[PDB]
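# Structural features, examined
Each chain is listed here by its residues.
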Amino acid sequence: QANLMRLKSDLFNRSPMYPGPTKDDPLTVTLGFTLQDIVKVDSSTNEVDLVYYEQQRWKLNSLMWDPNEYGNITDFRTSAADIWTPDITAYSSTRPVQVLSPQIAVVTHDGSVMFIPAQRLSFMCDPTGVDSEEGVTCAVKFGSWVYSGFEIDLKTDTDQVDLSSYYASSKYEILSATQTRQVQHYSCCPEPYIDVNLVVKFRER
Amino acid sequence: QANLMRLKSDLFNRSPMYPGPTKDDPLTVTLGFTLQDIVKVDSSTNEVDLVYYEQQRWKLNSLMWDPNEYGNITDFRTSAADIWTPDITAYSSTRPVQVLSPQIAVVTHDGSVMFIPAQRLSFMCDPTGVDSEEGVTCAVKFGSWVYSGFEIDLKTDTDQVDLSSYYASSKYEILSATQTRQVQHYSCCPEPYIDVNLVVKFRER
Amino acid sequence: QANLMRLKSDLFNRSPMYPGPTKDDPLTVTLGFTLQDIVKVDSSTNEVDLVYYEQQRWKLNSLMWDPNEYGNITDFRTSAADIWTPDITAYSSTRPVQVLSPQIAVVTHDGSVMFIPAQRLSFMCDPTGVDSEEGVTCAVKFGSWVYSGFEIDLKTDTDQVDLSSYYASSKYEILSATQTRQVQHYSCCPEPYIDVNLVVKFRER
Amino acid sequence: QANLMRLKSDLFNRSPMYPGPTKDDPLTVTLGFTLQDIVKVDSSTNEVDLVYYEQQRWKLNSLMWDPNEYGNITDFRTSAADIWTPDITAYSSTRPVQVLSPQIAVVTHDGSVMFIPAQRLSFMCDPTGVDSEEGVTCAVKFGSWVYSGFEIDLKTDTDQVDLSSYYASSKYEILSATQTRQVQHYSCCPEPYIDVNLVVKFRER
Amino acid sequence: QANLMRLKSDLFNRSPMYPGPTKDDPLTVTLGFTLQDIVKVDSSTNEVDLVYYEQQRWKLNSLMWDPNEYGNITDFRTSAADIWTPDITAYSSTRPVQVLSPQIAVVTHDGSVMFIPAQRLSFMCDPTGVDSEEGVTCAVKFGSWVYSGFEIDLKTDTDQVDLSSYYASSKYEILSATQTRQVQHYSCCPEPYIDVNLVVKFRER
Ligand SMILES: O=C1C[C@@H]2OCC=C3CN4CC[C@]56c7ccccc7N1[C@H]5[C@H]2[C@H]3C[C@H]46
Ligand SMILES: O=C1C[C@@H]2OCC=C3CN4CC[C@]56c7ccccc7N1[C@H]5[C@H]2[C@H]3C[C@H]46
Ligand SMILES: O=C1C[C@@H]2OCC=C3CN4CC[C@]56c7ccccc7N1[C@H]5[C@H]2[C@H]3C[C@H]46
Ligand SMILES: O=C1C[C@@H]2OCC=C3CN4CC[C@]56c7ccccc7N1[C@H]5[C@H]2[C@H]3C[C@H]46
Ligand SMILES: O=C1C[C@@H]2OCC=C3CN4CC[C@]56c7ccccc7N1[C@H]5[C@H]2[C@H]3C[C@H]46
Ligand SMILES: O=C1C[C@@H]2OCC=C3CN4CC[C@]56c7ccccc7N1[C@H]5[C@H]2[C@H]3C[C@H]46
């Protein structure tokens, strides 16, 4: 429809793409996980596979508009390729992440963006003890691959992983699942890198 | 030939692409499933693999034309990349869906589109009981990834999955297969959501 | 060299792309299979894997030229991406077909095209009996995914599959292999649908 | 640097790409194999996997230049996608060939090109006897997919496969490995076809 | 923001891309490995799989700028596709390397670049003795595919692999891991090639 076509043209066809954040114009990315299932455990290679929805949110001044100028449109959906997205990645995957959903974002008129890719991830975890009452704990950090906390500030809205969509007939019972922001300085370099530590304790049903 | 070339140039090369539905101009997408086989059952990971044809229908005003101005052309085939297509996806897949057919659609002069991707899907299902007389029931929801019921309404022409192409020498006997529209709210979000729930009850033949 | 560059420019750069066949301007695609090996039999999932060359031939008026105008060039080779190709698809594959050869076609001055992709196909087949003297029969239909017989007709040059390149040390002996044009009529629709049925009867050697 | 940028611009931006060889202007491609390892043997499917470097060499008038006109530049490297490359392919692979290295060619001022991709190939071979003192022989032919001997002639610099890079701790001992030009006529076609027959005799070490 | 947009436009949009190093203008690439885990050992195929970060650094005059002309910007992140990158490859992989991180690099105003792809690599290694106290040693060389030491030289900052991020619950104990620059004259080629030899001695923990 007319007004939305006009809006997208104005936002995407008139200016160079947003080049990403810098120290002088940093960006906060909010990150949250919805765990769907632990789909595989391999005790011979120490690899565990998760399926989850990863919710990312950020806000750009360059994506703002006045709804009155565009037929009262307050938000729209658009391919994630049309916009800048943050390079948030798992620090200890063992295979390329697999994307399970369309790559499409929702942009709201205040310039906020929501992008929630469904993914299957293989990561490093020794599952020894998963077949016991105590279960086993695995952990994987997510964070920007090359932006420091001076450019991208990561945060969470809550430290509790969302389990309301966890598969009811999973081989595994989730004992706990938290997602915790950490600020780390690595030996080589003075700038902080932010991560969100996904920590899941589980056992066989 | 010349008339079809002209029609496609007018439909596709003269205006911005359709930007997708909105709350003001919502769209109805009709879904239908043709189940071909249950090709894998994994009781160690609770994953089941299906091969099916997914029929999708919708109608756009911007794809309409008068056959009289285009040599009586009443419909045409065109690459799916030339047109907007709905972001219908399975909500509980465990691996990227694999497409088995050419991505080509049929567009009719009244603006209606028919697109029928053949797919192999791995999804979450505990198959315990499949080797019994009672069998086992699996279920997977399909719906838009990013549009709520505000923008995309879904429906089925029938609640019965088409089994007329089900592989006659399958490992599995289909006891029942239904495709039902559901309306649902999620704790994550304020909008009504619409999905089509594919429910298949089956046993080893 | 110069004449061939000029010809390709005239054929591909100077006109809109051919929009494919229609009822008014139908096409005939000739199909022929060269079976190289039956490379896998899976009796747990009822899947069988074939490697073969699939020969496709058709003719377009828009690909004709007078050799006298182009230095006696009578044919040329070019990327299949440069030309329209028919959407011939296996109707019962269980995985995306894998292409084993370069996608390059031969175009002749009468407008005729020859394209012969080598492929690995997994398709639905219960191989029970393969280890017996009588062997087992598998079948898979190939046809246009989106076109009816009103736009694309199919034929074979011979109903006998070419076994002259069948792997001499294969695990399997081919007892018979045929490729037969078939017509399918559906209650819903006046237009006939065409396929070529590849039927292979085989046993362990 | 400046001189090289100018040369590449002159070679690749001012003329349409070379349209490949023809009967009038045929091309000789020289082929050589460097076998690194036999990395899998499957006696249940009769498939063997090789890892090797495949050296291809040819020469094009259109790639020539006077080094005196370009700052004494005598050769340069560029992405293989920048230039025409021959459609040399294994005739009996069972899976798409996997490329293990960058795809970059070396171009020399006399118009000669050298391109040496590292590859992993699965191909048809019954390995029965590999565990014996006699070993087993496998063979796979390589040649143009669409060009006859009238357009592309193949040759080797030597009949002996290069084993100087063969993995010192391979599971397999190479007893002989040859690469031999063959001219063949096929019933399918009236003109001669050229292949290089890679023949490897090996046993478990 | 505005200044970064201008910088990228000036660096990338205003001039031809860097055509890579030459004998007249050679380059030095610094390599460092951070070994995260030995994720698979296959004694039937002699293949071992590593997961590591590979840090690459180089410097280009054409990537320099004066921060005073660009709002004090001293560095920026950009897609690796925007810049030239060196063709550093493992010389003995058995499968295509899998990239685990976004392909993005950091460019600094002196023209230096830092690119750190995380990767999973399968490579040739007979792991016999891995299950002993002595352990086993594997090695894989990394170097330019097409540039000799006269065009691309390599160096490490240290000959010790960074083991600070090695998975604490790995199946394998690392006995030693070094990364050493080597110069090699291969019988195939008159100019020597430089590699960094990654040598890992390990055993089951
Ligand atoms: O020193 C490190 C190790 C640490 O490893 C976890 C993952 C990280 C994500 N990216 C990958 C490269 C890295 C980085 C950038 C600049 C200097 C050092 C450095 N790294 C990793 C680091 C974090 C942050 C960043
Ligand atoms: O937490 C959820 C689960 C629910 O799953 C079914 C599919 C949905 C379609 N889209 C996919 C992403 C989702 C959504 C957005 C923001 C936070 C959580 C979230 N999801 C899914 C949700 C619905 C609605 C929406
Ligand atoms: O009734 C069918 C089933 C059959 O399935 C195999 C594949 C086919 C390729 N396309 C997909 C849609 C289809 C078709 C068109 C019109 C009415 C029925 C109908 N189909 C499939 C059919 C063939 C032909 C065609
Ligand atoms: O236009 C179509 C194509 C599609 O093909 C897959 C199978 C289907 C199952 N049945 C077979 C006939 C069909 C149908 C009925 C009425 C008009 C069109 C039409 N078809 C197929 C269709 C689905 C649904 C239905
Ligand atoms: O019937 C054949 C088999 C033979 O197989 C080996 C490889 C060849 C290289 N290309 C691949 C396609 C082929 C060809 C073209 C047209 C009709 C049949 C046909 N083929 C192969 C043939 C040769 C020559 C040519
Ligand atoms: O024969 C070889 C083996 C050697 O292997 C290690 C890596 C090298 C880097 N590039 C990759 C291709 C190679 C080369 C070019 C032309 C003929 C043979 C050939 N190779 C490798 C060689 C070096 C140099 C060069």
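For this deposited structure, the header cites X-ray crystallography as the method used and 1.909 Å as the resolution.

Chain A is annotated in the PDB entry as SOLUBLE ACETYLCHOLINE RECEPTOR of Aplysia californica.

## A short note on the overall build of chain A
In terms of regular secondary structure, chain A is built from 1 helix and 12 strands. Listing every helix and strand of chain A by position from the N terminus yields α-β-β-β-β-β-β-β-β-β-β-β-β. Its C-alpha atoms give chain A principal-axis dimensions of about 60 × 45 × 25 Å. Counting all 205 residues of chain A, 54% fall into the buried class. Sequence separation of 24 or more characterises 73% of the internal contacts of chain A that already satisfy a separation of 6 or more. Accessible area of chain A: about 8,700 Å², with a carbon and sulfur share of 46%. If the 17 positive side-chain charges of chain A are averaged to one point and the 27 negative ones to another, these points end up 3 Å apart.

## Some words on the relation of the copies chain B and chain A
Turning one copy of the chain about an axis and sliding it along that axis gives the other copy, so a rotation and a shift relate them. Note on the copies: chain B fits chain A at an RMSD of 0.5 Å, the axial shift is 0.0 Å, and the rotation between them is 72°. Here the symmetry operator amounts to a five-fold rotation axis.

## Notes on the packing of aromatic side chains
Following the criterion strictly, the structure yields 53 aromatic pairs over all chains and no others. Here C:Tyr172 and C:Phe202 contribute two aromatic rings whose centre-to-centre distance is 5.6 Å and whose plane-to-plane angle is 90°, an arrangement assigned as edge-to-face. With a gap of 30 residues between them, C:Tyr172 in strand β11 (residues 172-184) and C:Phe202 in strand β12 (residues 193-204) connect regions that are remote in the sequence. On the accessibility criterion, C:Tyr172 (9% relative accessible area) is buried. Since its relative accessible area comes to 1%, C:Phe202 is described here as buried. By the ring-pair criterion, three or more aromatic residues cluster together here, those being A:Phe12, A:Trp65 and A:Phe76.

## What about the nonpolar core?
In terms of nonpolar packing, the biggest core is built from 65 residues, with E:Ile38, E:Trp58, E:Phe142 and E:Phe202 touching the most fellow members. Residues in contact with E:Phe202, not counting those within four places in the same chain, are E:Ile38, E:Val41, E:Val130, E:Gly135, E:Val136, E:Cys138, E:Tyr172, E:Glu173, E:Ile174 and E:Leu175.

## With respect to the interface of chain B and chain A
With 31 residues of chain B at the interface, the matching set in chain A holds 26 residues. Note on chain B versus chain A: buried area summed over both sides is about 2,400 Å², and carbon and sulfur give 57% of it. Taken as a group, B:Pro19, B:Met124 and B:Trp145 account for 27% of the area that chain B buries against chain A, more than any other trio of residues on that side. On inspection of chain B and its partner chain A, the count reaches 9 residue pairs in polar contact.

## A few points about the site of ligand 2
All residues adjacent to ligand 2 are A:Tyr53, A:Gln55, A:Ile116, A:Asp162, A:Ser165, B:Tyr91, B:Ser144, B:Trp145, B:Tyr186, B:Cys188, B:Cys189 and B:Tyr193. Residues within reach of ligand 2 are spread across chains A and B. Here a nitrogen atom of ligand 2 sits 2.8 Å away from a polar atom, N or O, in the main chain of B:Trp145. Alone, ligand 2 offers 440 Å² of accessible surface; in the complex the protein occludes 93% of this. Residue composition of the shell around ligand 2, grouped by class: 8 nonpolar, 3 polar and 1 charged.

How each quantity is defined
Residues numbered from 1 in each chain as written, not as in the entry; some residues may be left out. Chains lettered and ligands numbered in written order. Heavy atoms only, no water. Helix = DSSP H or I, 4+ residues; strand = E, 2+ residues; numbered from the N terminus. Buried < 20%, exposed > 50% of the residue type's maximum accessible area, 1.4 Å probe, protein only. Contact = heavy atoms within 4.5 Å. Areas by Shrake-Rupley, 256 points an atom, 1.4 Å probe, with all protein chains shown as cover. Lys, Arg positive; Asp, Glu negative; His and termini not counted. Charge placed at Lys NZ, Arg CZ, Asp CG, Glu CD. Least-squares fit on C-alpha atoms. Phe/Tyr/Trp six-rings, centres within 6.5 Å; stacked < 30°, edge-to-face > 60°. Core = buried A, V, L, I, M, F, W, Y, C linked by side-chain atoms within 4.5 Å. Buried area = accessible area lost by both parts, 1.4 Å probe. Polar contact = N/O pair within 3.5 Å; in protein donor to acceptor, adjacent residues only side chain to side chain. Near = heavy atom within 4 Å. Nonpolar A, V, L, I, M, F, W, Y, C, P; charged D, E, K, R; others polar.

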